[PDB]
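Since the structure comes first, as structure tokens, the remarks are kept for the end.
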Amino acid sequence: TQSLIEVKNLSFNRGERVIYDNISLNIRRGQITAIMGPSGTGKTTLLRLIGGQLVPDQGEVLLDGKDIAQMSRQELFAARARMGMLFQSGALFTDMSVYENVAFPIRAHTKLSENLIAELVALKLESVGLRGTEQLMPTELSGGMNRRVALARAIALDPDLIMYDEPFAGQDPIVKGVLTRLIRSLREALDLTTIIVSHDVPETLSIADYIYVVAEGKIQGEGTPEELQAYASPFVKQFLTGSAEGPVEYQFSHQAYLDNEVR
Amino acid sequence: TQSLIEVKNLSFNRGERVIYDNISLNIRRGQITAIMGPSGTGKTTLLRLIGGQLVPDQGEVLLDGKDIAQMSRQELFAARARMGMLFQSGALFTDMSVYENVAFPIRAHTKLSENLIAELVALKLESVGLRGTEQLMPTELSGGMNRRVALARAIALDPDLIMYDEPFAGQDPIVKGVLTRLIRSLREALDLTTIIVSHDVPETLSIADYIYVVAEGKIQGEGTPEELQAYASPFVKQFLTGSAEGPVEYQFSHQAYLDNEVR
Amino acid sequence: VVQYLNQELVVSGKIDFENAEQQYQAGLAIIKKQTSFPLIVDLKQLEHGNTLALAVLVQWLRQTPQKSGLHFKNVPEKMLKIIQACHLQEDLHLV
Amino acid sequence: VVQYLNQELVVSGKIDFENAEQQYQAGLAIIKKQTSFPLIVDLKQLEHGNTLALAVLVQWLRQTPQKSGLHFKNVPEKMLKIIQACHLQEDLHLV
Amino acid sequence: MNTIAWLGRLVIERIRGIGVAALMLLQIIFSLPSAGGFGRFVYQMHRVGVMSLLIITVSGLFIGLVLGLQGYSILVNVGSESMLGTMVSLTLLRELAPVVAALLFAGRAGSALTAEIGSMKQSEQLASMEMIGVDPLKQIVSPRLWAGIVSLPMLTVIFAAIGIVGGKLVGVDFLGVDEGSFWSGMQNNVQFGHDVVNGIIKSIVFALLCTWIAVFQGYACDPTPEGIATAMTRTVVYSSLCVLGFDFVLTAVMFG
Amino acid sequence: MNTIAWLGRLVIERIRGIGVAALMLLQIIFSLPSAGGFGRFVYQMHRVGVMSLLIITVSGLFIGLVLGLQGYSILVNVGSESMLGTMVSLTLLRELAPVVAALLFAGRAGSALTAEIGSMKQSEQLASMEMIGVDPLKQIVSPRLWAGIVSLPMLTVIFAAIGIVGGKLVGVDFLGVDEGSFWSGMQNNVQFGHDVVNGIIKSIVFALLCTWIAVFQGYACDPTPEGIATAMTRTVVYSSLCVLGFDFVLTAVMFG
Ligand SMILES: Nc1ncnc2c1ncn2[C@@H]1O[C@H](COP(=O)(O)OP(=O)(O)O)[C@@H](O)[C@H]1O
Ligand SMILES: Nc1ncnc2c1ncn2[C@@H]1O[C@H](COP(=O)(O)OP(=O)(O)O)[C@@H](O)[C@H]1O
Ligand code: VO4
Ligand code: VO4
């Protein structure tokens, strides 16, 4: 059960609230683990740390011993040439059309011949769900078509670790059923490593191998989906079915109104 | 069953595909209608037409006989002072904080006294789920907190018609259970008129009064959710559970590979 | 709209933000000659509770003495739906 | 990686994009002296099918002879999972 | 033929637009602004003018230090160091303080009227405003345009005042020129009603064409953040072509 | 009291911000660019220089038409219409073609290096590039910076060439001045190695400080599309303060 990412204990305050305090995670090789949880955790702010964008303050991130932000800037771009990442509201390279957005990381990392460079260019777009909407401008597209094109360039190079960030946000129930196949069908076929951040409990539990639910700064529930629902702590039971019982800020001010002046 | 919006037959091509051809809709007063459907319809591009932003080409929109784009520009801002609209990825007024984004349409349409202007200013933020995150910059917020603040200013003035546009896109299953209460609890209490565009079939069918699933340019199924699932045409049956059976562009090019050259 | 006499100040029919200015300061003009405040405000005649129904009613008591001296009866079966929408408890008189 | 002799051109072990250049044009150098193309490509020795396994194999035929003269055996039980991921039918020889 | 017809279509479309911007311009000024307009109007002065103030002093101090530095050294050889004060004044006042004041203003605030409105176009912060219901032609255009008109003649006088007082600092403090012949060189040759007043009437129509283009080209632009820079030059290009193209009619109507 | 320590310490994150931009600047030039760098480098010339060409001819044609128009009419009264060709040349070449060429260049392309990089900051265009893995300091900065260095001395010569040839058009075609005394006025007084060469050495350090600021202030800016305009002025403000602040050291080292 050897892992790729070995998070040691972390503290992190970029909004001066409580975020991620003394937490340690491990991502086993060849497993689709979903990092769900409520709104009380930085959006992908965990995944920025594995990217090495924001700084672990008392953290310690070990990428197989090779430490992020102890390494070189040359090796980090060699390290960031291991990952594909669909963003939150998918950052497309505006202006450049659909034929150039997915061919962007292909051309950035060619290592074969001229033909075999162009061979994989026409081969990826048939490999994804495409090759007939090549030259449309990233102007005519919606949230359902945003992440669809964005997923194509995320899987462009075969990675050793690939992250997804809410792909199921603009999809129809047919095409998200295709997408839930399209995520995992790559995973058994190419033995890669996925990390999904999302909140849609039905298909996420039926696709993951180890989901972690974090409330504000700490784990609420970890493990396979069998034992996780079987060992629901009274934050996990409230998060499953969705029963309206929880310590969230439903109203912020819990003061009076009769004795409250109205400026 | 008197309506507010009475769409006559429409044609519209802003991407030169097939979009909305000879379609007519009616929005009855005091009913939650959700405009869902697959990705084959302009995102809110219907709702831009009711806004009167894009032009109905052979359309005819009747707002109680008062015709949009036959009226005056003075009356249109008087007409667009009837609606609240949360946008797609909610457009916040950046420069201003949370205390000023929701107080934006309040101050823009004051008609009372100084105190009673300031009275409703401190009264709306307790009325929504707020009044303790007033002075945070619209910089520290995510998709779950984007539409939350954006919904506050959408309901700011009591409208005669209010639109929502995918509010359930960044929410946790607890807070979206609060939000599905928060939408309808306003509707029975204040007899307003809602139009929701979303794709999440469980709670949408349990909250609406009249659906409208459009495939590319025409209605696929209309009516109350009882008769709509009871009269599923073989596009509605495939859409309700996401049955992997449909005429979507799964792959675009359906040509060969053996006889296809690779540039 | 109109607030009446026989010692009781009633909110009747509407609150629609073109008003409750001339009914506020003249409606308070009864309250200064309503000593110990036994006056009742029947709010189930309100019938348009829309957070502007929250406004002027308590705006008297900002200028009044007693806090729970001035009385109210009850919601008009729609205003309550706003109450837990603001998570609210016993706030006003629930006669 | 290495493509062999005894008339049969085999893909064996890997395709990893630092190669299949020197094995393409030298692997085609057998095919011009493989008349009527009875040569078999055993792809279940492939074991790293990743859409680069789709590349050079058909890149021989780009200018080769008959479109179905050159033969193949079968997927290595993972490459098929890519096939309906591209919605694909009978494409290559399924020996 | 191909590219030629292409360019032709281009020019046609461009001219068509231009005309539009005229149809916008009447619709901003031919309506009475409401309450709350003056409060944003002050903040636009706070945004456009007061922020622009720190620049034009330094370039004001510069050009006088140069123009009285070099012409004199050739002029001193015959008989004239007393006409130093005239040549510095009459070229700043009737020639450069209209022209070079705008090209620094089209630089700073000729951009920040576009990109602030190229702001609200990309995140649909324009479109949300219409949807909630205001009209940005009343809301975010008219307090921007009315500050742009006012604040430029409020600067180009400020510019040339340090422009002349700059050249005094090189003359009397380093070249040892007589102070009385310096100023009375100006007093005899620089009338008020023909130079300083007609240096303002140049600076008004240099302020209108500079700021009306910089409002329109940020409003009717596509939200693409590449073309937000190609729209940026067409502020500067069409300003600098017209702020220089209408000096030559304004020089001819005043004198000649 | 807290405003004067809010206005206090505002230099410090600015001088720490300026100290960052130096540390960036070594990291761009002290590495050998790879293949594919020259192809974007040509397109940046196509973006920066070739697009900037149409402007500086018109403002080049203008200033010569003015400077030979007005000084002569006072100079003709003694004995000199033959020194018209000298005063137009020696003030354009050693004084204005360094300075006024940059302030039109900081106008057009001093902005479009920021807003094109203020493009990739707001939609996380920048952040996706690092995440896929390139380094934009090699990718989108270094072909931008190397075009900015080259293309400005490639323009300011072009500028002053039409600048002098413009003033010929007012002289011999309208004022009837002698052609031989015009040019031989210049050829005796304008040496090559002391004026035109040292008009270039001014224009290189006027190109570096103008374009390096306009790259950095678009890179390390927060993606807020309000502050994308406050970052826009700090390109123009810090350029125009330093393109004028370093004329006065460059005039003193060359002559005087
Ligand atoms: N510049 C920043 N970088 C990282 N995190 C930030 C930044 N500014 C604010 N934050 C924090 O990120 C949080 C965003 O909320 P978040 O937890 O992302 O919502 P959700 O869980 O719905 O994605 C805020 O609580 C805020 O404290
Ligand atoms: N400027 C525009 N205005 C309106 N619609 C456009 C514009 N440009 C393109 N479109 C059309 O809008 C469609 C966007 O896809 P859409 O149907 O919105 O996806 P979804 O249904 O997932 O929201 C495209 O098919 C395109 O043809
Ligand atoms: O809007 V959709 O986004 O999917 O339809
Ligand atoms: O958690 V989120 O809710 O959006 O991210």
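All Cβ positions, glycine included, derive from the backbone under ideal geometry; neighbour counts span all protein chains shown. We did not get these values from a lab; they are worked out from the coordinates using the rules stated.
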**Item:** Condition check for residue B:89: within 16 Å of ligand 1 (Cβ to nearest atom) and under 23 Å from residue B:166 (Cα atoms)
**Value:** yes
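Within the range E:101-120, identify whether any single residue is within 14 Å of chain B (Cβ to nearest Cβ) and of a type in the set (S, T, N, Q), and answer yes or no.
Looking for residues that are within 14 Å of chain B (Cβ to nearest Cβ) and of a type in the set (S, T, N, Q), one finds at least one in the range E:101-120, hence yes.
Just checking, which of B:161, B:228, B:151 is more than 10 Å from every other protein chain (Cβ to nearest Cβ), among the aliphatic types (A, V, I, L, M), within 18 Å of the chain's Cα centre (by Cα) and farther than 26 Å from residue B:94 by Cβ?
So the residue among B:161, B:228, B:151 that is more than 10 Å from every other protein chain (Cβ to nearest Cβ), among the aliphatic types (A, V, I, L, M), within 18 Å of the chain's Cα centre (by Cα) and farther than 26 Å from residue B:94 by Cβ is B:161.
To keep it simple, each residue is scored yes or no on (1) buried (at least 16 other Cβ atoms within 10 Å of the Cβ); (2) more than 16 Å from ligand 2 (Cβ to nearest atom); (3) of a type in the set (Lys, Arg).
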{"position": "A:4", "(1), (2), (3)": "yes, yes, no"}
{"position": "A:19", "(1), (2), (3)": "yes, yes, no"}
{"position": "A:24", "(1), (2), (3)": "no, yes, no"}
{"position": "A:43", "(1), (2), (3)": "yes, yes, yes"}
{"position": "A:48", "(1), (2), (3)": "yes, yes, yes"}
{"position": "A:51", "(1), (2), (3)": "yes, yes, no"}
{"position": "A:61", "(1), (2), (3)": "yes, yes, no"}
{"position": "A:73", "(1), (2), (3)": "no, yes, yes"}
{"position": "A:77", "(1), (2), (3)": "no, yes, no"}
**Request:** Taking the residues in the range A:30-53 that are more than 16 Å from ligand 4 (Cβ to nearest atom) and within 14 Å of another protein chain (Cβ to nearest Cβ) as candidates, determine which candidate is farthest from residue F:132 (Cα to Cα).
**Result:** A:30
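Would you mind stating whether residue B:150 is of a type in the set (A, V, I, L, M) and either within 30 Å of residue B:58 (Cα to Cα) or within 16 Å of ligand 4 (Cβ to nearest atom) (or both)? Give the derivation first.
Values: of a type in the set (A, V, I, L, M): yes; either within 30 Å of residue B:58 (Cα to Cα) or within 16 Å of ligand 4 (Cβ to nearest atom) (or both): yes.
Yes: the conditions hold for residue B:150.
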**Fill in**
Among helices (runs of 4 or more DSSP H) entirely within chain C, at least 1 residues that are over 29 Å from residue B:179 (Cα atoms) and within 14 Å of chain B (Cβ to nearest Cβ) occur in C:22-31, C:55-61
**Asked** Got a sec? Which helices (runs of 4 or more DSSP H) wholly within the range A:69-183 have at least 2 residues that are without any contact (Cβ under 8 Å) to a residue 40 or more places away in the chain?
**Response** A:73-79, A:98-101, A:114-126, A:143-154
**Request:** Evaluate the range A:95-114: report whether one residue or more is surrounded by 18 or more Cβ atoms within 10 Å (Cβ to Cβ), within 19 Å of the chain's Cα centre (by Cα) and within 16 Å of ligand 2 (Cβ to nearest atom).
**Result:** no
**Message:** Looking for something among the polar types (S, T, N, Q) and within 16 Å of ligand 3 (Cβ to nearest atom) - is there at least one such residue anywhere in the range A:89-98?
**Reply:** yes
**Complete:** Per the list (1) closer than 30 Å to residue A:154 by Cα; (2) in a helix (DSSP H, G or I), residue check on residue A:227 breaks on (1)
**Item:** The lone exception for residue D:84 - which of (1) under 17 Å from residue B:256 (Cα atoms); (2) without any contact (Cβ under 8 Å) to a residue 12 or more places away in the chain; (3) surrounded by 15 or more Cβ atoms within 10 Å (Cβ to Cβ) it fails
**Value:** (3)
**Fill in**
Apart from one, (1) out of contact with any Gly (no Cβ under 8 Å at 6 or more places or on another chain); (2) more than 11 Å from ligand 1 (Cβ to nearest atom) all hold for residue A:11; the odd one out is (1)
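Yes/no per residue for (1) touching a helix residue (DSSP H, G or I) at 6+ places or on another chain (Cβ under 8 Å); (2) within 14 Å of chain F (Cβ to nearest Cβ); (3) aliphatic (A, V, I, L, M); (4) crowded, with 19+ Cβ neighbours inside 10 Å:
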position	(1), (2), (3), (4)
E:172	yes, no, yes, no
E:179	yes, no, no, no
E:182	yes, no, no, yes
E:197	no, no, yes, no
E:210	yes, yes, no, yes
E:220	yes, no, yes, no
E:233	yes, yes, no, yes
**Request:** Go through the range B:232-263 residue by residue and tally those that are over 38 Å from the mean Cα position of the chain (by Cα) and more than 7 Å from every other protein chain (Cβ to nearest Cβ).
**Result:** 3
**Request:** Scan (1) assigned to a helix (DSSP H, G or I); (2) surrounded by 14 or more Cβ atoms within 10 Å (Cβ to Cβ) for the single condition residue E:188 breaks and write down its number.
**Result:** (2)
**Request:** With the checklist (1) at the interface with another protein chain (Cβ under 10 Å from one of its Cβ atoms); (2) within 14 Å of the chain's Cα centre (by Cα) in hand, flag the one item residue A:198 doesn't pass.
**Result:** (1)
**Request:** Would you check which residues across the range B:184-224 are of a type in the set (A, V, I, L, M), in contact (Cβ under 8 Å) with a residue 24 or more places away in the chain, more than 16 Å from ligand 3 (Cβ to nearest atom) and assigned to a helix (DSSP H, G or I) and list them?
**Result:** B:186, B:190, B:205
**Message:** Please determine whether any residue of the range B:230-237 is hydrophobic (A, V, I, L, M, F, W, C) and touching a helix residue (DSSP H, G or I) at 6+ places or on another chain (Cβ under 8 Å).
**Reply:** yes
**Fill in**
For the range F:223-243, the count of residues that are out of contact with any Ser or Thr (no Cβ under 6 Å at 6 or more places or on another chain), farther than 15 Å from residue E:122 by Cα and touching a residue at least 60 places away in the same chain (Cβ under 8 Å) equals 5
**Residues of the range F:146-159 classified as crowded, with 21+ Cβ neighbours inside 10 Å, part of a helix (DSSP H, G or I) and hydrophobic (A, V, I, L, M, F, W, C), total** = 3
**Request:** Select, from E:81, E:124, the only residue that is over 21 Å from residue F:55 (Cβ atoms), surrounded by fewer than 23 Cβ atoms within 10 Å (Cβ to Cβ) and more than 8 Å from every other protein chain (Cβ to nearest Cβ).
**Result:** E:81
